[PDB]
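What follows is one structure encoded as structure tokens, with my remarks underneath.
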Number of protein chains: 4
Amino acid sequence: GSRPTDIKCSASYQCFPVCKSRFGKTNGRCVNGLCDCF
Amino acid sequence: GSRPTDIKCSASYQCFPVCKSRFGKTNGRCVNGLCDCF
Amino acid sequence: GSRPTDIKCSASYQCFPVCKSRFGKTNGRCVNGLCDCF
Amino acid sequence: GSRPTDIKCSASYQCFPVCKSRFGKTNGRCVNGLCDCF
């Protein structure tokens, strides 16, 4: 499933290292100012 | 070959985590406002 | 425990590659303008 | 000991994914607007 985070963002490119590091996930999206990982 | 994305960018440095995570590619380029991976 | 860096930042998303590269750590936080890793 | 790049940057945090992807290197520095890796 998806993993929402508390990491703030303004663009989805910013979410890829977070999503990889924290959850081993290879897809990230910046959704309402927060990284969401899937 | 190259793998285009829907990830918006304003500089090529932004594309490296996306290109690595999604496709295992070691180069990203911001091309017409979108990340391209190779 | 935590490992400080002198890598400058304005948001915590920026610190994830730094913390991974330097210390193998999967959490980064931008704390007073510098990456801190844990 | 460094590996220079043609990747444009404004801050050293931006160079960590570049340096990892291209050269397997765990340190990046933004030097005169370009990523340098070591």
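Ligands are numbered from 1 in the order shown, residues from 1 within each chain, and chains are lettered A, B, ... in the order they appear in the structure tokens.
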Could you give me, as a tab-separated table, a per-residue list for chain B showing, wherever an atom lies at most 12 Å from an atom of chain C, the closest pair of atoms and their distance in Å to one decimal, using only C-alpha atoms and sorting by chain then residue number from low to high?
```
residue	atom	partner	partner_atom	distance
B:13	CA	C:14	CA	11.9
B:14	CA	C:14	CA	10.6
B:16	CA	C:17	CA	10.7
B:17	CA	C:17	CA	8.7
```
Distance query range 20-24 of chain A at most 8 Å, only C-alpha atoms, self and fewer than 3 positions along chain excluded, as a PyMOL selection string
(chain A and resi 3+16-17+27+37) or (chain B and resi 21) or (chain C and resi 16+20+26-27)
Keeping only N, CA, C and O atoms, write the selected residues to a file as a short mmCIF file (atom, residue, chain, number, x, y, z; two decimals), in the first residue's frame.
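Output contents, as saved in result_6.cif:
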```
data_model
loop_
_atom_site.label_atom_id
_atom_site.label_comp_id
_atom_site.auth_asym_id
_atom_site.auth_seq_id
_atom_site.Cartn_x
_atom_site.Cartn_y
_atom_site.Cartn_z
N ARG A 3 2.43 4.77 1.62
CA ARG A 3 2.90 5.27 2.90
C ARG A 3 2.97 6.79 2.84
O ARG A 3 3.85 7.34 2.18
N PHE A 16 11.43 11.40 -3.97
CA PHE A 16 12.01 10.12 -4.34
C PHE A 16 13.07 9.60 -3.35
O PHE A 16 13.03 8.43 -2.98
N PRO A 17 13.97 10.47 -2.86
CA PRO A 17 14.95 9.98 -1.85
C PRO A 17 14.30 9.58 -0.52
O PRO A 17 14.65 8.57 0.08
N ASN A 27 8.41 4.89 -5.94
CA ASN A 27 7.56 5.95 -6.42
C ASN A 27 7.14 6.90 -5.29
O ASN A 27 6.85 6.47 -4.15
N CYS A 37 4.29 7.98 -0.63
CA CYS A 37 5.18 7.01 -1.20
C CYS A 37 4.36 5.79 -1.59
O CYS A 37 3.45 5.36 -0.86
N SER B 21 15.61 5.64 -8.74
CA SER B 21 14.56 4.89 -8.05
C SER B 21 13.67 4.10 -9.03
O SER B 21 13.43 2.91 -8.82
N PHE C 16 18.00 13.67 2.84
CA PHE C 16 17.96 12.22 2.74
C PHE C 16 19.13 11.61 1.92
O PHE C 16 19.76 10.65 2.37
N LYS C 20 22.14 9.31 3.71
CA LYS C 20 22.37 7.99 3.13
C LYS C 20 23.81 7.82 2.66
O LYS C 20 24.49 6.87 3.05
N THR C 26 18.92 6.41 7.18
CA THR C 26 17.70 6.48 6.38
C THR C 26 16.77 7.59 6.86
O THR C 26 15.65 7.70 6.38
N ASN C 27 17.23 8.39 7.81
CA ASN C 27 16.50 9.58 8.21
C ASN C 27 17.41 10.81 8.26
O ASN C 27 18.54 10.77 8.76
#
```
Strand (DSSP E or B) positions in chain A, given as a ChimeraX atom specification
/A:3-8,28-31,34-37
Since we have the selection now, will you write its residues out, keeping C-alpha atoms, as a tab-separated table (two decimals), in the first residue's frame?
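Result file follows (out-v6.tsv):
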```tsv
chain	number	residue	atom	x	y	z
A	3	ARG	CA	2.90	5.27	2.90
A	4	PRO	CA	2.14	8.93	3.66
A	5	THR	CA	4.95	10.92	5.29
A	6	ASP	CA	5.48	14.06	7.33
A	7	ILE	CA	8.19	15.27	4.90
A	8	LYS	CA	7.25	18.61	3.36
A	28	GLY	CA	6.84	9.24	-4.66
A	29	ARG	CA	4.35	12.04	-5.16
A	30	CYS	CA	4.06	15.45	-3.50
A	31	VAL	CA	0.40	15.57	-2.43
A	34	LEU	CA	3.66	16.25	1.84
A	35	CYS	CA	5.52	13.26	0.36
A	36	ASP	CA	3.38	10.19	-0.27
A	37	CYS	CA	5.18	7.01	-1.20
```
